[PDB]
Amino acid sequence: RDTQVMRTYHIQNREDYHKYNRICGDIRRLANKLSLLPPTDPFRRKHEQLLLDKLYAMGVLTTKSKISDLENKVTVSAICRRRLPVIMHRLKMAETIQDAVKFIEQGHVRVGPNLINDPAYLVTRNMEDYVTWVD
């Protein structure tokens, strides 16, 4: 499960995978508790929408979702696709994810105003248009 996911996104820490997995479990548990609130509770609609909007802002949900959609759409992979080298590859800035890891590690890459040299940096939706070369 992991080694495949870690393979397709060129993740070398087994620990990165376990953090993303716990976050998926966190979101699941949070949606379950929200769904167990009284449906007459205005807190439930509001905090369900807070969680949805947050996952949009992270780019973890790329499509309009309901709370029931979260089991399908919220996966370790959806988080992995947010890592800076995978983003770079999708933007065509690097031929391969492995080349993007090297570009990032060697200091060639900037997101917004910041030099990022950590390939585990997750690119939010606000930032995904602002990946640039330092050169």
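In case it trips you up, residue 1 is the first one in the sequence shown, and so on.
Enquirer: I need to verify one thing: averaged over C-alpha atoms only, is the B-factor higher for 63-71 or for 82-90?
Expert: Averaging CA B-factors over each stretch, the winner is 63-71.
Enquirer: Going by the average Cα B-factor in the PDB entry, point out whether 106-114 or 34-42 comes out higher.
Expert: Taking the mean C-alpha B-factor of 106-114 and of 34-42, the larger value falls to 34-42.
Enquirer: Going by the entry, which third of its chain does the Cα temperature factor of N126 land in?
Expert: Within its chain, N126 is a middle-third residue by C-alpha B-factor, going by the deposited values.
Enquirer: Considering only modelled residues of the same chain, in which third does the CA B-factor of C24 rank: lowest, middle or highest?
Expert: Lowest third - that is where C24 ends up once the chain's C-alpha B-factors are sorted.
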